[PDB]
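Below you'll find the structure I mean.
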Amino acid sequence: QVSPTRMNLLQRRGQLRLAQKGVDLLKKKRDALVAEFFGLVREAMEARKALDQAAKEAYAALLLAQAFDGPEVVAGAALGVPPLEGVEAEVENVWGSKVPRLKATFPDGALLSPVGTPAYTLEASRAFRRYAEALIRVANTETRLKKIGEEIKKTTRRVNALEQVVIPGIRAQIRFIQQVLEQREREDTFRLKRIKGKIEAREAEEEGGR
Amino acid sequence: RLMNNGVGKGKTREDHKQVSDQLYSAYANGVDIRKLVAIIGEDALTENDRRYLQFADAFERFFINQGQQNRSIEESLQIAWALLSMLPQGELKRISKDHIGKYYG
């Protein structure tokens, strides 16, 4: 607690006023994050649908390419392709939070001895590179949407916690301080009536006896 | 304080203190976990959690919200057992299993 004086009553009124402004401030912040969440959700479903269309393209090409030729030719080809490594994730520092966006390295044009005897492996491989394009676009949109959603959840539980805990706690402290200060005021205005009784008794008792 | 002297055999049913004990324990854990769900979302939790959630809602709707009908002590213990009938017998960790046997249906 705090020992109640007239100073701490105004200090707790100031702390209450700051928390009552902070609740509305964080509600405005939550509104801005809602606006940006409904911004990103349609872009995420758009990129998801484009990923679906390129998925239909790449899967039809892969089935037809292993179909007209053998399975063993595309098997040895796929076990021959370099592993396309060095793909990594760099910074998107925003809201003070680095989210990793993804970019690749793509050794693509250096074909494996580009005099190639199968004719549907390379078109399928270009289709799957388009597939990887749309996949990393959906990836670095999806993780950003997840981060903004969890930050909305953080702000919302902080608003509800801060309001429904440390508004009534400070109200309880302020009511306690006002009750005890009024009690001290009542004691002192009893002492004033007692000393006025002493003054009038001193003027009146020694009137007769003198 | 002295509900301990009002309950008992030859005064009421023979399980009244244990039934009120179990109702208070389960409803206190239910309102505890509504306080917990008031922070984090409604998925990162277990199953008997959800069982206590439905128990607390059915409790506040059936046991307390009686309107102004005249419930007895007998019908009130019957409502108590019909509300305790949504918990497994391995979770009523307090009361004696004879009163589990004759009741809980």
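Does A:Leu135 satisfy being in contact (Cβ under 8 Å) with a residue 60 or more places away in the chain and in a helix (DSSP H, G or I)? Even if it seems obvious, please write down each step before you answer.
Numbers: in contact (Cβ under 8 Å) with a residue 60 or more places away in the chain: yes; in a helix (DSSP H, G or I): yes.
Judged against the criteria, A:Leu135 is a match.
Quick check on this structure: which one of A:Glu92, A:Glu151, A:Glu163 is surrounded by 14 or more Cβ atoms within 10 Å (Cβ to Cβ), within 24 Å of A:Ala32 (Cα to Cα), touching a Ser or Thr at 6+ places or on another chain (Cβ under 8 Å) and of a type in the set (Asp, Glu)? Walk me through it before giving the result.
Working: A:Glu92 fails: touching a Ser or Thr at 6+ places or on another chain (Cβ under 8 Å); A:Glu163 fails: touching a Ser or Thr at 6+ places or on another chain (Cβ under 8 Å).
Selected residue: A:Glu151, the only one of A:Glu92, A:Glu151, A:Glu163 that is surrounded by 14 or more Cβ atoms within 10 Å (Cβ to Cβ), within 24 Å of A:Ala32 (Cα to Cα), touching a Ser or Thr at 6+ places or on another chain (Cβ under 8 Å) and of a type in the set (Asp, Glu).
Inspect the range A:100-108 for any residue being within 14 Å of chain B (Cβ to nearest Cβ), touching a helix residue (DSSP H, G or I) at 6+ places or on another chain (Cβ under 8 Å) and surrounded by 12 or more Cβ atoms within 10 Å (Cβ to Cβ) and give the result as yes or no.
Restricting attention to the range A:100-108, the residues satisfying the condition of being within 14 Å of chain B (Cβ to nearest Cβ) are none.
Scanning the range A:100-108 turns up no residue that is within 14 Å of chain B (Cβ to nearest Cβ), touching a helix residue (DSSP H, G or I) at 6+ places or on another chain (Cβ under 8 Å) and surrounded by 12 or more Cβ atoms within 10 Å (Cβ to Cβ).
Let me ask you something else. Can you pull out every residue in the range A:77-102 that is farther than 24 Å from A:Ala124 by Cα and touching a residue at least 24 places away in the same chain (Cβ under 8 Å)?
Initially, the range A:77-102 is screened for residues farther than 24 Å from A:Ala124 by Cα, giving A:88-101.
Passing the criteria: A:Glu92, A:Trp95, A:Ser97, A:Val99, A:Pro100, A:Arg101.
Which fully enclosed helices (runs of 4 or more DSSP H) of the range B:33-105 have 3 or more residues being under 11 Å from the mean Cα position of the chain (by Cα) and surrounded by 14 or more Cβ atoms within 10 Å (Cβ to Cβ)?
Values: elements: B:47-59, B:74-84, B:97-102.
Filter on the range B:33-105 gives B:47-59, B:74-84.
Return the pairs, sorted by first residue and then second, in which the second residue is of a type in the set (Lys, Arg) and in a helix (DSSP H, G or I), the first residue lies in the range B:32-53 and is away from chain A (no Cβ under 12 Å), the beta carbons are less than 8 Å apart, and the residues are 6+ apart or on different chains.
B:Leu53/B:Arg34
I'd like the residue in the range A:162-210 that is of a type in the set (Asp, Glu) and closer than 30 Å to A:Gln1 by Cα and, out of all such residues, is nearest to the chain's Cα centre (by Cα).
Narrowing the range A:162-210 to residues of a type in the set (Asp, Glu): A:163, A:182, A:185, A:187-188, A:200, A:203, A:205-207.
Then drop every residue that is not closer than 30 Å to A:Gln1 by Cα, which leaves A:163, A:182, A:185, A:187-188.
On the way: A:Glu163: 18, A:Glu182: 45, A:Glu185: 49, A:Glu187: 53, A:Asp188: 54 Å.
Here the residue is A:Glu163.
Let me ask you something else. Cβ-Cβ distance below 7 Å, separation of 6 or more or different chains: which pairs start in the range A:152-168 with a residue that is within 12 Å of another protein chain (Cβ to nearest Cβ) and free of Cβ contacts under 8 Å to residues at least 12 places away in the same chain and end on one that is of a type outside the set (A, V, I, L, M) and surrounded by 12 or more Cβ atoms within 10 Å (Cβ to Cβ)?
Final answer for the pair search is none.
Readers should treat all values here as calculations from the given coordinates under stated rules, not as data from a laboratory. Using ideal geometry, Cβ is built from the backbone for each residue, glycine included, and neighbour counts are taken over all protein chains shown.
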